[PDB]
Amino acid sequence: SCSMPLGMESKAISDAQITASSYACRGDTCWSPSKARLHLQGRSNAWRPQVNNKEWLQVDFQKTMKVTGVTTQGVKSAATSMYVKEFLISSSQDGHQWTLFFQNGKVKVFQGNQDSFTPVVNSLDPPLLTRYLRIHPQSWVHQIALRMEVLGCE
């Protein structure tokens, strides 16, 4: 029913297809957008932006895709849970202009995670046909950290 991971977890989506406003590094490990993949493990296994600055993560499908859902997840840095609790969705055909996902005129706030480990699936109703998807963290616990998956087909 058009509900398959689009490749965040399986790396069917490449690391250049995933970009962000910014990301953080230490030594040789970077909380790059390329690490924002569901259930990813390792040193810096999530996207984390440089603490400052409007923050968002972006996925370029390189093709118009039907997106019916987004799965979000936090991460633990040491024993510190970091996750996005609330977020917005915007869509884009070129990657420069962005249209927010409006609920009846008003941008919809998506209820995100309540912990750092459990994935939470948010269904997009109706689905989106986009080449680009962006997630805009609105509120978070401790800090902004994201692993995610996109659900759809095509």
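Residues carry their position along the shown sequence, with the first being 1.
Unmodelled residues of the deposited sequence between residue 53 and residue 54: 1 to 3. Between 84 to 92 and 25 to 33, it is 25 to 33 that carries the larger average Cα temperature factor according to the deposited entry. For the pair 9 to 17 and 131 to 139, the mean Cα B-factor is higher in 9 to 17. Taking only the listed residues 48, 43, 63, 66, the entry reports the highest CA temperature factor at 63.
Comparing the listed residues 59, 70, 38, 109, the entry records the largest Cα B-factor for 109. Among the modelled residues of its chain, residue 153 has a C-alpha B-factor that falls in the middle third, as given in the PDB entry. Among all modelled residues in this chain, the alpha-carbon of residue 104 has a temperature factor (C-alpha) in the highest third. Per the deposited record, the Cα B-factor of residue 97 falls in the highest third when ranked against the other modelled residues of its chain.
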